Amino acid sequence: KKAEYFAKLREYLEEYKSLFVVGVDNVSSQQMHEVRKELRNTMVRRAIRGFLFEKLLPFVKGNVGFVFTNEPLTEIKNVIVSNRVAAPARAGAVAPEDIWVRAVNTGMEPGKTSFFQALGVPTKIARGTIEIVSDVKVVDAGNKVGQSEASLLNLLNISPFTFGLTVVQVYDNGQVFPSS
Amino acid sequence: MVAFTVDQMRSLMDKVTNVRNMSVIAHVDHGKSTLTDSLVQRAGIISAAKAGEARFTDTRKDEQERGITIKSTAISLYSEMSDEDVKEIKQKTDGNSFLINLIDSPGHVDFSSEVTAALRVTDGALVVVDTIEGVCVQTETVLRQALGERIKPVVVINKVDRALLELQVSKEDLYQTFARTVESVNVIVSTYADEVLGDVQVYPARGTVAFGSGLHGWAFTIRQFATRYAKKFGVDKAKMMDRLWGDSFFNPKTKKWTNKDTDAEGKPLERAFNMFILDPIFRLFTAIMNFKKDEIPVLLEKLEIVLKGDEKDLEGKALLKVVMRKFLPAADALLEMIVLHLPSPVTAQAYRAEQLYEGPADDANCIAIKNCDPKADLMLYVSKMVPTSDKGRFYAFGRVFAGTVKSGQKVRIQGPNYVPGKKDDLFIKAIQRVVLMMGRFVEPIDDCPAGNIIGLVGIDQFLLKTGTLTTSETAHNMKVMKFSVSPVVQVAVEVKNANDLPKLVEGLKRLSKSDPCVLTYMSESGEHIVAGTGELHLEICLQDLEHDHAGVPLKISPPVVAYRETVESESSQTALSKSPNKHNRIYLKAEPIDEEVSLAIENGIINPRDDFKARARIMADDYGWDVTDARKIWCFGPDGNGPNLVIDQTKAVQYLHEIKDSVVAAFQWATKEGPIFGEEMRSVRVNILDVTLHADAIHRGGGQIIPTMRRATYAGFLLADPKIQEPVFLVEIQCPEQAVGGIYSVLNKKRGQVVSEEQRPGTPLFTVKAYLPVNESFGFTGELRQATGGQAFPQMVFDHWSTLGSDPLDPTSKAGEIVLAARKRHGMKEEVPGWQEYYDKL
Amino acid sequence: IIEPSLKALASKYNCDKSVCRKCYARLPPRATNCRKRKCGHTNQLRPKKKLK
Amino acid sequence: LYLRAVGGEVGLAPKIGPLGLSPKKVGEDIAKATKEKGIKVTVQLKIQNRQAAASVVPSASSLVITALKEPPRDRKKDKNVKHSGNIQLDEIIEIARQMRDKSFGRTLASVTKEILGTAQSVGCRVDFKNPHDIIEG
RNA sequence: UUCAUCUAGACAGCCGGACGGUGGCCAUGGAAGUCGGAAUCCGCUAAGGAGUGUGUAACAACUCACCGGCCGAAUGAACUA
Ligand SMILES: Nc1nc2c(ncn2[C@@H]2O[C@H](COP(=O)(O)OP(=O)(O)OP(=O)(O)O)[C@@H](O)[C@H]2O)c(=O)[nH]1
Ligand SMILES: [Mg+2]
Ligand SMILES: [Mg+2]
Ligand SMILES: [Mg+2]
Ligand SMILES: [Mg+2]
Ligand SMILES: [Mg+2]
Ligand SMILES: [Mg+2]
Ligand SMILES: [Mg+2]
Ligand SMILES: [Mg+2]
Ligand SMILES: [Mg+2]
Ligand SMILES: [Mg+2]
Ligand SMILES: [Mg+2]
Ligand SMILES: [Mg+2]
Ligand SMILES: [Mg+2]
Ligand SMILES: [Mg+2]
Ligand SMILES: [Mg+2]
Ligand SMILES: [Zn+2]
């Protein structure tokens with residue numbers, strides 16, 4: 007029964023003629039159940064030392085997984101970030117960008133300025149909903165994200181920091197090709 | 001600052017456009033009844049000297065030493081202005097002297113009755129807001145209460161002296177809190193303000209916000225500062241007074257204005273608000289609290305000081321109190337925002353008319369109200385009734401919207417129940433004296449136009465709480481003016497000595513008059529109950545009773561609760577009692593009534609004075625019930641009219657018509673005081689199976705049928721699994737979403753269950769309704785308040801009766817421990833007579 | 077109102093802890109036994125209760 | 013673009033609808049057009066823009082099997098349990114399950130169906146847990 | 001003393017994911033994993049329970065199992081005296 011899954015991840019051996027190595031930095035499981043609709056880890060790095073050929077093994081550490089489709093190797097290179105994470109943090113997270121906001125109406129009902137006041141943002145009410153005046157930045161590059169500030173952007177005001185679905189390298193029927 | 005004249009104020013009541021009918025509004029210890037003090041100085045009344053703490057609209061002696069306004073006392077004031085200021089009125093105006101009709105108001109939730117009373121007779125509102133405490137929970141509720149009758153608000157952010165000293169605040173954050181406040185104040189407006197104005201939002205640059213500390217004596221607004229300093233830079237006011245609020249700065253060494261934070265290439269520039277509207281004031285705190293006196297004068301002189309015969313020999317913090325009151329005196333900021341931005345009676349009655357009219361909202365008088373017409377038939381609402389200063393006799397306090405009112409004038413008073421058609425709350429007597437009011441001294445005036453608030457001595461024999469008196473035959477009333485607190489906390493009042501009772505029953509009548517929603521009534525259980533809106537509100541109402549209205553010693557007690565004796569079985573045996581005269585016998589069983597149909601007479605569909613053949617027909621079909629057993633009914637009970645009935649089920653029996661007299665007699669002695677504990681009963685039917693009457697007559701009187709029957713039915717009661725019906729309230733509360741969880745948390749500890757959970761659109765403001773057993777309901781409202789942070793406003797009414805699956809007859813159970821003590825207190829014994837007595841086993 | 081960032085910072089020192097069920101002592105939130113010997117370092121530890 | 017919950021016949029609303037400039041009465045009466054075999058718990062969907070009502074009916078997988086039962090029912094006249102599970106009608110189960118957006122990352126036409134039949138929660142449906150390696154569609 | 005996991009990479013620690021049918025059916029004024037009862041099934045799967053905690057009025061958003069990362073060599077649990 008762990009018989010069964012030693013045998014399973016060595017189960018689908020070679021199968022194909024060209025491939026693509028990828029990374030799983032901050033990507034959903036719903037975000038994966040998407041890509042598999044289009045058809046077109057260390058228990059494996061010894062699989063190759065076993066069934067040998074290739075010397076492609078120095079490319080693996082971090083959260084890595086694998087794809088296969090033999091069609092034009094850039095015809096698939098476009099469903100890559102066809103997914104577009106733009107994950108708005110979990111409940112508060114780290115600062116990978118430089119924060120800012122500008123004026124405009126927000127179309128939200130004026131009962132949510134509760135968050136606004138918690139960050140020293142001047143606000144007024146017009147046309148019925150929350151317009152913002154005199155826009156400012158929350159705090160500097162690489163600094164604090166309060167549950168206040170996150171709680172504001174994260175779900176109130178869709179304005180995230182993208183955590184894309186990337187890809188590192190590829191073997192083109194015998195040797196490997198860095199980028200596009 | 002000099003007091004002017006009784007009939008001089010009478011003369012400007014004619015110039016309606018210069019009248020300001022408004023109130024003050026804030027959360028409890030926010031500074032308003034001291035704020036008012038600073039204005040009646042600028043009308044003579046109070047000494048400008050150490051008379052800024054004996055707050056005058058706190059007329060009451062307990063209002064004065066508890067330091068909280070209790071009743072919404074009132075005062076009208078005469079005021080001077082300068083022509084330079086009286087141009088900026090976008091409503092027709094007349095001269096340079098105005099009359100402010102104000103109500104300083106209590107701001108506890110228990111007293112929201114006094115503020116809704118204060119608003120209904122006013123057009124404007126001045127909301128006070130502590131800087132430190134900001135906008136607390138009651139501010140939001142009394143803001144809702146103003147827009148509820150469409151009042152225009154203007155704000156003043158107060159006790160900013162707390163901001164400087166206790167909070168060691170810098171300049172920008174202090175501004176930032178001002179920003180933080182005004183933002184949250186307008187989000188209240190954009191939800192409840194009537195979507196008929198829009199212009200009712202509040203912003204400081206538009207001159208609808210002030211800043212100060214009414215205790216220390218001073219206030220300002222950006223407009224009062226706009227002119228004051230635009231007179232030297234020679235530049236304008238309009239675009240200038242936009243540059244002082246918000247992100248717009250100046251940057252000296254560059255000498256031209258800015259747009260956004262602008263940074264000035266490192267360490268940015270401060271808002272016009274900071275170095276140019278507060279750099280004066282902060283230096284006063286810093287350079288006189290830190291005692292820099294050698295700096296004090298020539299810094300005093302840089303910014304236009306003046307001293308006194310004692311104030312120069314008076315340095316910091318008693319200095320700051322004394323210098324800044326002279327720097328930016330209070331009324332100047334206030335009169336500005338009140339005369340400029342608050343609606344005169346004519347500019348206000350025209351949109352509050354149609355909604356404030358009981359009859360057709362275009363009635364011939366509502367016309368003359370919109371016009372603020374002082375010549376129509378007199379049209380006036382009395383909102384409160386205020387103690388006389390003699391023994392218990394009440395001016396009536398309202399505002400008139402049409403015609404005039406003269407001392408000695410015949411008038412029809414139309415109470416809350418009147419319609420123009422027939423005999424209703426219509427008394428037709430005259431007014432002894434019209435009189436306009438101050439800090440309880442009133443000044444008799446003989447004639448008063450429309451659009452002003454006044455008193456009225458000569459009535460209150462004819463009013464009970466509120467009323468609307470007119471001069472036209474068919475002038476409809478005014479809408480009934482419901483407040484957000486309903487009379488929920490309640491106790492029973494008995495008089496300590498046995499004979500003061502007459503003084504106690506007039507006191508309740510006199511008490512009902514005083515507070516707009518104190519209730520007093522006789523209960524089914526036979527008590528005088530005095531109900532209020534909070535455990536605190538009830539305190540004062542009884543203080544006012546034990547001393548003034550009743551003036552006798554009386555002690556209070558939780559009210560006794562009315563149960564009913566009922567059945568839920570069909571006689572675990574049959575039943576037979578005999579007589580003293582052991583010659584006659586009755587046989588019967590007793591069964592429960594479908595609670596559906598016991599209602600059917602409680603709602604008056606089956607009655608004794610009516611006739612059967614219809615009694616029979618109705619009950620048979622739909623009521624899981626018989627057709628001929630609904631013909632041979634004999635009587636109701638108790639009181640001849642109650643929901644416990646009898647019918648005949650016996651064979652060719654001896655002499656039933658000459659005891660039908662005496663069987664209903666005993667039936668009535670059993671239905672208002674039965675077994676378990678002698679309360680009235682409901683929902684049990686009794687059917688008679690055989691009867692053995694003696695012969696002759698005198699061996700069958702009432703004296704032998706009624707002692708058997710009352711005996712012979714109690715027997716049939718305890719057989720049929722006796723149960724008691726506890727009374728249940730239907731309670732509705734309006735609560736915001738935030739603390740809505742505190743409602744369900746109390747409802748189950750107090751054994752409630754919700755019927756409907758719903759929200760008002762846009763509002764948070766849910767309104768949950770539930771069934772509350774009154775047994776588990778005492779102190780409930782006060783504990784719901786703490787469970788909600790005061791953000792809940794319950795409103796209870798009786799709904800129905802309910803049995804209990806806990807068992808009554810056992811004293812251990814939590815439905816028999818209730819009537820455990822019901823006997824001991826009532827004066828009875830330990831257990832309740834077993835069915836073995838009342839049943840002659842033979 | 078303590079600003080949310082530091083309401084949780086202090087909450088970590090005062091509110092978010094564990095205590096001993098028979099020694100009453102205050103103990104690190106993840107800790108497994110009590111450090112005080114009077115209770116013989118009993119493992120019976122509850123978390124320190126929190127407010128509202 | 014919004015969505016609703018279980019409604020049999022009729023339908028609270030304006031807590032979210034009146035603030036959205038919609039006269040909520042014209043929509044709650046119209047919401048009984050997508051809600052009426055057919056009276057059970059079903060999801061809804063409304064997506065409009067500054068106008069009158071525009072609301073649709075969604076493919077609640079729970080609902081399809083319920084109509085595919087003895088749809089004879091009365092509201093509160095039953096008072097026991099909604100054990101309305103009638104004949105599995107495995108073909109109609111497939112048509113509904115096929116119509117279900119071919120969602121759940123549908124590998125097979127049957128990969129969608131194995132989720133539907135697995136709702137032995139819904140009722141008897143003559144056989145709970147149908148076969149595994151069978152014919153397909 | 002007994003039984004377990006680990007170079008096919010364990011234990012701790014730190015980091016990424018924690019799905020879809022679907023708010024599953026019973027009921028509930030309201031119960032969407034998280035008052036509760038019963039069906040504890042399935043699909044996509046490197047994996048995710050018809051859901052181990054906080055929380056909501058109900059959702060939310062935080063959480064864990066469960067799946068990978070990083071580190072590379074030993075660790076875990078119930079017991080006895
Ligand atoms: N530091 C400071 N304290 C103030 C200021 N204004 C009022 N207070 C204090 O606040 C307290 C309550 O205010 P009051 O004016 O007496 O009455 P109110 O609070 O407006 O009305 P109630 O709801 O009936 O209590 C008083 O005891 C004052 O001492 C102020 O401007 N600065
Ligand atoms: Mg006084
Ligand atoms: Mg007194
Ligand atoms: Mg006061
Ligand atoms: Mg305080
Ligand atoms: Mg008196
Ligand atoms: Mg019957
Ligand atoms: Mg009922
Ligand atoms: Mg612990
Ligand atoms: Mg590990
Ligand atoms: Mg799911
Ligand atoms: Mg549930
Ligand atoms: Mg829950
Ligand atoms: Mg499975
Ligand atoms: Mg969730
Ligand atoms: Mg984890
Ligand atoms: Zn210990």
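Respectively, the protein sequence lines represent chains uL10, eEF2, eL40 and uL11. Here the first sequence stands for residues 7 to 46, 56 to 67, 73 to 200, where the numbers follow the deposited numbering. So for the second sequence, the deposited numbering puts the first residue at 1; every next one is plus one. So for the third sequence, the deposited numbering puts the first residue at 77; every next one is plus one. Here the fourth sequence stands for residues 13 to 23, 28 to 52, 54 to 154, where the numbers follow the deposited numbering. Ideal Cβ placement from N, Cα and C applies to all residues, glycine included.
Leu784 (chain eEF2) has its alpha-carbon roughly 14 Å from the corresponding atom of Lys769 (chain eEF2).
Spatial neighbours of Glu80 (chain eEF2) in its own chain (CB-CB distance under 8 Å, excluding positions within 5 residues in sequence) are listed in chain order as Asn96, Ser97. In this structure, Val691 (chain eEF2) places its C-beta atom within 8 Å of the C-beta atom of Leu656 (chain eEF2). Residue contact check for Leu28 (chain uL11) against chain eEF2: a CB pair falls below 8 Å. Listed along chain eEF2 are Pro761, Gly762, each with a C-beta nearer than 7 Å to that of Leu35 (chain uL11). Contact between the region 124-131 of chain uL10 and the region 82-93 of chain uL10 is absent: fewer than three C-beta pairs spanning the two stretches fall below 8 Å. Rounded to whole angstroms, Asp515 (chain eEF2) and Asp447 (chain eEF2) show a C-alpha spacing of 28 Å. Taken through DSSP and simplified to helix, strand or coil, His117 (chain eL40) comes out as coil.
Flagged as an interface residue toward chain uL10: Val187 (chain eEF2), by a C-beta distance shorter than 8 Å. Cα atoms of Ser683 (chain eEF2) and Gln725 (chain eEF2): separation of roughly 9 Å, rounded to the nearest angstrom. Look at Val98 (chain uL11) here: in three-state DSSP terms it is coil, with no helix or strand label. For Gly166 (chain uL10), the chain eL40 residues whose C-beta falls within less than 7 Å of its own C-beta are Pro80, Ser81, listed in chain order. Identification of chain uL10 residues near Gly122 (chain uL11) by a Cβ-Cβ cut-off of 7 Å yields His39, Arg42, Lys43, ordered along the chain. Three or more beta-carbon pairs separated by less than 8 Å link the region 235-251 of chain eEF2 to the region 259-273 of chain eEF2, which places the two stretches in contact. Environment of ligand 4, chain-ordered: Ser33 (chain eEF2), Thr69 (chain eEF2), taking every residue with Cβ within less than 5 Å of a heavy atom. Scanning its chain for C-beta atoms nearer than 8 Å, with the 5 sequence neighbours on each side dropped, one finds around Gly439 (chain eEF2) the residues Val40, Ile45, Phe56, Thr57, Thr59, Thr73, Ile75, in chain order.
By the 16-neighbour rule on beta-carbons within 10 angstroms, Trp120 (chain uL10) is exposed. With a threshold of 8 Å between beta carbons, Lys31 (chain uL11) makes contact with chain eEF2.
Close CB contacts of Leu143 (chain eEF2) within its chain, under the 6 Å cut and outside five residues either way in sequence, are with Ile188 (chain order). Note on geometry: alpha-carbon atoms of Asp279 (chain eEF2) and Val518 (chain eEF2) lie some 51 Å from one another. Note on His30 (chain eEF2): 16 or more other CB atoms within 10 angstroms of its CB, so buried under the neighbour-count rule. Burial check for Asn119 (chain eL40): the Cβ neighbour count within 10 Å stays below 16, so the residue is exposed. At a cut-off of 8 Å between C-beta atoms, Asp194 (chain eEF2) does not count as an interface residue with respect to chain uL10. The bridge partners DSSP lists for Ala770 (chain eEF2) are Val731 (chain eEF2), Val754 (chain eEF2). Between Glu153 (chain uL11) and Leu133 (chain uL11), the C-beta spacing is not below 8 Å.
Chain-order list of chain eEF2 residues neighbouring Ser154 (chain uL10): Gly246, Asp247, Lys260, by C-beta distance under 7 Å. Screening all residues for a C-beta within a distance smaller than 7 Å of any heavy atom in ligand 6 leaves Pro387 (chain eEF2), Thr388 (chain eEF2), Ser389 (chain eEF2), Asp390 (chain eEF2), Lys391 (chain eEF2), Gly392 (chain eEF2), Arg393 (chain eEF2), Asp548 (chain eEF2), in chain order.
Membership of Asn158 (chain eEF2) in the beta strand (DSSP E) is indicated by the continuous run 152-158.
At a cut-off of 8 Å between beta-carbon atoms, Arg144 (chain eEF2) makes no contact with chain uL10.
Counted as a single uninterrupted DSSP element, the beta strand (DSSP E) harbouring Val209 (chain eEF2) occupies residues 209-213. Among the residues of the region 117-129 of chain uL10, those with a Cβ less than 8 Å away from any Cβ of chain uL11 are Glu129, in the order of the chain.
Put simply, the backbone Cα of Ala3 (chain eEF2) is about 9 Å away from that of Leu77 (chain eEF2). Non-local beta-carbon contacts of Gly19 (chain uL11) in its own chain, meaning distances under 6 Å to residues more than five positions away in sequence, involve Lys51 in chain order.
The beta carbon of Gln201 (chain eEF2) falls within 8 Å of a beta carbon belonging to chain uL10, placing the residue at that interface. Between the C-alpha atoms of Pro558 (chain eEF2) and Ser569 (chain eEF2) there is a straight-line separation of about 33 Å. Residue-level contact check: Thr191 (chain eEF2) touches chain uL10, since one or more beta carbons of chain uL10 fall below 8 Å from its beta carbon.
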